[PDB]
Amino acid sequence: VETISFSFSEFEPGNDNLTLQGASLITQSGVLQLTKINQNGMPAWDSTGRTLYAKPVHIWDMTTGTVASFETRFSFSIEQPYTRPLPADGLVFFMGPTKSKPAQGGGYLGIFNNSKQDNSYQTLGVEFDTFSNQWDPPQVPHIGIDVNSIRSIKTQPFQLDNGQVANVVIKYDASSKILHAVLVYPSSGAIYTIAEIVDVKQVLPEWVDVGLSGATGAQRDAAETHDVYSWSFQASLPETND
(Lines of atoms letter the chains of each structure in order from A and count residues from 1; the text may use other names and numbers.)
(Lines give C-alpha, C1' and ligand atoms only; values in the text may rest on other atoms or scores of the structure.)
Protein backbone atom coordinates (compact mmCIF):
# COMPACT_ATOMS: atom_id res chain seq x y z
CA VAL A 1 0.00 0.00 0.00
CA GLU A 2 1.41 3.36 -1.08
CA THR A 3 0.64 5.81 1.71
CA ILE A 4 1.19 9.50 2.33
CA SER A 5 0.24 11.53 5.36
CA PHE A 6 1.02 14.82 7.01
CA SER A 7 -0.29 16.64 10.04
CA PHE A 8 0.16 20.27 11.03
CA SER A 9 -1.21 20.96 14.51
CA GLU A 10 0.22 24.43 14.01
CA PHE A 11 1.88 26.21 11.09
CA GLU A 12 5.52 27.27 11.15
CA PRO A 13 6.96 30.01 8.92
CA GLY A 14 9.63 28.58 6.63
CA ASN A 15 8.28 25.03 6.68
CA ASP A 16 9.38 23.61 3.31
CA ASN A 17 6.58 21.02 3.30
CA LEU A 18 4.10 23.73 2.27
CA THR A 19 4.01 25.83 -0.90
CA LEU A 20 2.42 29.25 -0.41
CA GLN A 21 0.91 31.04 -3.40
CA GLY A 22 -0.54 34.51 -3.84
CA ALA A 23 -1.46 36.31 -0.62
CA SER A 24 -1.21 33.28 1.68
CA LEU A 25 1.01 33.83 4.69
CA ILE A 26 1.93 31.97 7.90
CA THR A 27 1.95 34.24 10.95
CA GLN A 28 4.41 34.12 13.84
CA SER A 29 1.48 32.98 15.98
CA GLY A 30 1.28 29.85 13.84
CA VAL A 31 -1.81 30.73 11.80
CA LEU A 32 -2.18 30.26 8.05
CA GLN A 33 -3.83 33.37 6.58
CA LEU A 34 -5.03 32.45 3.08
CA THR A 35 -6.11 35.99 2.22
CA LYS A 36 -4.40 39.25 3.13
CA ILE A 37 -5.18 41.34 6.19
CA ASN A 38 -4.15 45.00 6.03
CA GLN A 39 -2.03 46.72 8.67
CA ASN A 40 -5.16 48.31 10.16
CA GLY A 41 -6.23 44.78 11.08
CA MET A 42 -9.08 44.51 8.58
CA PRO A 43 -9.30 41.91 5.79
CA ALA A 44 -8.22 43.05 2.32
CA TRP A 45 -10.51 42.80 -0.69
CA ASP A 46 -9.39 41.45 -4.08
CA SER A 47 -7.06 38.99 -2.36
CA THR A 48 -6.40 35.39 -3.41
CA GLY A 49 -4.10 32.92 -1.68
CA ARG A 50 -3.42 29.19 -1.72
CA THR A 51 -1.33 26.65 0.16
CA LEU A 52 -0.34 23.32 -1.37
CA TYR A 53 1.40 20.33 0.18
CA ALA A 54 4.90 20.37 -1.33
CA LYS A 55 4.63 16.82 -2.69
CA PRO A 56 2.21 15.33 -5.24
CA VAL A 57 -0.16 12.60 -4.06
CA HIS A 58 -0.69 9.31 -5.89
CA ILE A 59 -4.48 9.04 -6.08
CA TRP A 60 -5.01 6.21 -8.59
CA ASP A 61 -2.90 3.75 -10.59
CA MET A 62 -3.76 2.85 -14.17
CA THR A 63 -1.50 -0.22 -14.26
CA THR A 64 -3.18 -1.90 -11.28
CA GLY A 65 -6.46 -0.03 -11.66
CA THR A 66 -6.54 0.79 -7.94
CA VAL A 67 -7.91 4.00 -6.40
CA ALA A 68 -6.82 5.58 -3.12
CA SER A 69 -9.09 6.27 -0.17
CA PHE A 70 -8.28 9.48 1.68
CA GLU A 71 -9.19 11.73 4.55
CA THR A 72 -8.42 15.29 5.46
CA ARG A 73 -9.23 17.33 8.54
CA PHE A 74 -8.69 21.01 9.21
CA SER A 75 -9.83 23.85 11.44
CA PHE A 76 -10.59 27.30 10.10
CA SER A 77 -12.38 30.50 10.98
CA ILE A 78 -14.02 33.11 8.82
CA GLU A 79 -14.68 36.48 10.41
CA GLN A 80 -16.98 38.90 8.61
CA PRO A 81 -16.40 42.30 10.28
CA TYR A 82 -19.16 43.99 8.26
CA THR A 83 -22.67 43.01 7.17
CA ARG A 84 -22.45 45.54 4.32
CA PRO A 85 -21.14 45.56 1.72
CA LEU A 86 -21.74 41.81 1.35
CA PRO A 87 -18.73 39.65 2.36
CA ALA A 88 -17.17 37.37 -0.35
CA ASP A 89 -16.13 34.72 -1.45
CA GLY A 90 -14.91 31.83 0.60
CA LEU A 91 -12.35 29.08 0.92
CA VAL A 92 -11.95 25.60 -0.53
CA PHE A 93 -10.09 22.32 -0.12
CA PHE A 94 -9.04 21.06 -3.55
CA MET A 95 -7.19 18.43 -5.53
CA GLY A 96 -6.04 19.04 -9.08
CA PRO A 97 -3.20 18.66 -11.62
CA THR A 98 0.32 18.83 -10.22
CA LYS A 99 2.35 22.02 -10.67
CA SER A 100 -0.83 24.09 -10.63
CA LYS A 101 -0.78 27.85 -10.21
CA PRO A 102 -3.63 30.05 -8.90
CA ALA A 103 -6.59 30.47 -11.25
CA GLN A 104 -9.12 33.33 -11.10
CA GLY A 105 -9.95 34.83 -7.73
CA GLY A 106 -13.23 36.15 -6.36
CA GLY A 107 -16.15 33.77 -6.86
CA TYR A 108 -13.86 31.28 -8.61
CA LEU A 109 -12.01 30.82 -5.32
CA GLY A 110 -8.61 30.65 -6.99
CA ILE A 111 -9.13 27.26 -8.63
CA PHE A 112 -11.39 27.86 -11.64
CA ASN A 113 -11.33 30.34 -14.53
CA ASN A 114 -15.01 30.54 -15.43
CA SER A 115 -18.37 29.08 -14.46
CA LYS A 116 -18.32 26.41 -17.17
CA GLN A 117 -18.34 22.64 -16.66
CA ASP A 118 -15.06 21.50 -18.22
CA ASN A 119 -13.39 18.08 -17.95
CA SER A 120 -10.02 19.68 -18.64
CA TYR A 121 -10.04 21.26 -15.18
CA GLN A 122 -9.44 17.80 -13.65
CA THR A 123 -10.23 19.41 -10.31
CA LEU A 124 -12.22 18.32 -7.28
CA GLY A 125 -13.06 20.69 -4.46
CA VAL A 126 -15.09 21.07 -1.29
CA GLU A 127 -15.99 24.73 -0.82
CA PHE A 128 -17.21 26.86 2.00
CA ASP A 129 -18.91 29.61 -0.01
CA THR A 130 -19.85 32.94 1.53
CA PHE A 131 -21.14 34.98 -1.45
CA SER A 132 -24.01 34.03 -3.75
CA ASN A 133 -22.84 34.32 -7.38
CA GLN A 134 -25.09 33.78 -10.40
CA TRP A 135 -24.28 30.06 -10.49
CA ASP A 136 -24.91 29.66 -6.73
CA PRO A 137 -28.00 28.71 -4.76
CA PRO A 138 -29.44 31.77 -2.96
CA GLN A 139 -28.38 30.57 0.50
CA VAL A 140 -24.97 31.51 1.87
CA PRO A 141 -22.85 30.40 3.30
CA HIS A 142 -23.00 26.85 1.97
CA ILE A 143 -20.81 23.79 1.64
CA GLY A 144 -20.45 22.59 -1.92
CA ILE A 145 -18.92 19.65 -3.76
CA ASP A 146 -17.28 20.95 -6.93
CA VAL A 147 -16.38 18.57 -9.74
CA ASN A 148 -14.70 20.25 -12.71
CA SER A 149 -16.86 23.34 -12.16
CA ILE A 150 -17.57 26.16 -9.72
CA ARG A 151 -21.23 25.18 -10.08
CA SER A 152 -21.53 22.51 -7.37
CA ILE A 153 -23.14 19.15 -8.05
CA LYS A 154 -24.47 19.42 -4.48
CA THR A 155 -24.69 22.06 -1.75
CA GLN A 156 -25.63 22.27 1.92
CA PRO A 157 -26.40 25.64 3.55
CA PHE A 158 -24.89 26.32 6.97
CA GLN A 159 -24.97 29.11 9.52
CA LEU A 160 -21.73 30.99 10.02
CA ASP A 161 -20.61 31.28 13.65
CA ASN A 162 -18.84 34.58 12.97
CA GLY A 163 -15.15 34.40 13.79
CA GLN A 164 -15.45 31.06 15.57
CA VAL A 165 -13.35 27.99 14.81
CA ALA A 166 -14.94 25.29 12.65
CA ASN A 167 -13.74 21.70 12.41
CA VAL A 168 -13.95 19.95 9.06
CA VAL A 169 -13.57 16.29 8.14
CA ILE A 170 -13.64 15.14 4.53
CA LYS A 171 -13.41 11.45 3.74
CA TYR A 172 -13.36 9.57 0.46
CA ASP A 173 -14.01 5.81 0.32
CA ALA A 174 -12.75 4.36 -2.98
CA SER A 175 -14.82 1.17 -2.71
CA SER A 176 -18.17 3.00 -2.61
CA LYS A 177 -16.93 6.17 -4.36
CA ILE A 178 -18.56 8.25 -1.64
CA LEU A 179 -17.07 11.61 -0.72
CA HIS A 180 -18.49 12.61 2.64
CA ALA A 181 -17.78 15.85 4.45
CA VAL A 182 -18.73 17.14 7.88
CA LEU A 183 -18.51 20.60 9.43
CA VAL A 184 -18.79 21.14 13.17
CA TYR A 185 -18.82 24.35 15.21
CA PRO A 186 -17.73 23.41 18.76
CA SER A 187 -18.88 26.82 19.99
CA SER A 188 -22.54 26.26 19.10
CA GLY A 189 -22.52 22.49 18.67
CA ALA A 190 -23.90 22.82 15.14
CA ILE A 191 -23.27 19.83 12.85
CA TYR A 192 -23.56 19.84 9.05
CA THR A 193 -23.17 16.85 6.75
CA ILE A 194 -23.02 16.45 2.97
CA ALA A 195 -22.16 13.54 0.69
CA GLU A 196 -22.08 12.63 -2.98
CA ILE A 197 -20.80 9.98 -5.36
CA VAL A 198 -17.53 10.99 -7.02
CA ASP A 199 -15.49 8.74 -9.33
CA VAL A 200 -12.01 10.23 -8.87
CA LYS A 201 -10.57 8.04 -11.65
CA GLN A 202 -12.87 9.85 -14.09
CA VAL A 203 -12.09 13.32 -12.70
CA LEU A 204 -8.54 13.56 -11.42
CA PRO A 205 -5.16 12.72 -12.94
CA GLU A 206 -3.14 9.88 -11.37
CA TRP A 207 -0.98 12.24 -9.33
CA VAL A 208 -2.40 15.42 -7.82
CA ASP A 209 -1.52 18.45 -5.76
CA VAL A 210 -3.61 18.90 -2.62
CA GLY A 211 -4.28 22.30 -1.13
CA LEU A 212 -6.45 25.00 0.37
CA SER A 213 -7.43 28.24 -1.36
CA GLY A 214 -9.27 31.37 -0.24
CA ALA A 215 -10.42 34.63 -1.82
CA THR A 216 -12.09 37.95 -1.02
CA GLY A 217 -14.37 39.97 -3.31
CA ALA A 218 -13.50 42.42 -6.08
CA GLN A 219 -15.61 45.21 -4.54
CA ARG A 220 -14.09 47.47 -1.88
CA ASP A 221 -14.58 46.00 1.60
CA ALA A 222 -16.27 42.87 0.22
CA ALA A 223 -13.95 40.80 2.37
CA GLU A 224 -13.50 38.48 5.33
CA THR A 225 -10.69 36.49 6.93
CA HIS A 226 -9.86 32.93 5.85
CA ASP A 227 -7.65 31.57 8.62
CA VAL A 228 -6.58 27.93 8.97
CA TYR A 229 -5.22 26.68 12.31
CA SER A 230 -4.46 23.03 11.61
CA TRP A 231 -4.49 20.61 8.70
CA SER A 232 -3.91 16.88 8.35
CA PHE A 233 -4.18 14.54 5.37
CA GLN A 234 -3.77 10.83 4.70
CA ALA A 235 -4.15 8.73 1.56
CA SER A 236 -3.79 4.97 1.05
CA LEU A 237 -3.41 3.47 -2.40
CA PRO A 238 -3.58 -0.34 -2.59
CA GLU A 239 -0.47 -1.17 -4.63
CA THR A 240 -2.19 -4.23 -6.10
CA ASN A 241 -5.43 -5.91 -6.73
CA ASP A 242 -5.42 -9.64 -7.24
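So that there is no doubt, residue numbering starts at 1 and follows the sequence shown.
- Of the two stretches examined, 141-149 and 115-123, the record assigns the greater average C-alpha temperature factor to 115-123.
- Of the two segments examined, 23-31 and 173-181, it is 23-31 that shows the higher average Cα temperature factor in the deposited entry.
- Of the candidates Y82, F131, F74, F93, it is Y82 whose Cα B-factor is highest according to the PDB record.
- Residue set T48, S69, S187, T193: peak C-alpha B-factor at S187 (per PDB entry).
- In the deposited entry, the Cα temperature factor of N167 places it in the lowest third of its chain's modelled residues.
- Per-chain ranking of the deposited C-alpha B factor places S230 in the middle third.
- When the CA B factors of the chain's modelled residues are split into thirds, the value for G105 lands in the middle one.
- In this PDB entry, the Cα temperature factor of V57 sits in the middle third of its chain's modelled residues.
- When the modelled residues of the chain are ordered by C-alpha B-factor, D221 sits in the middle third.
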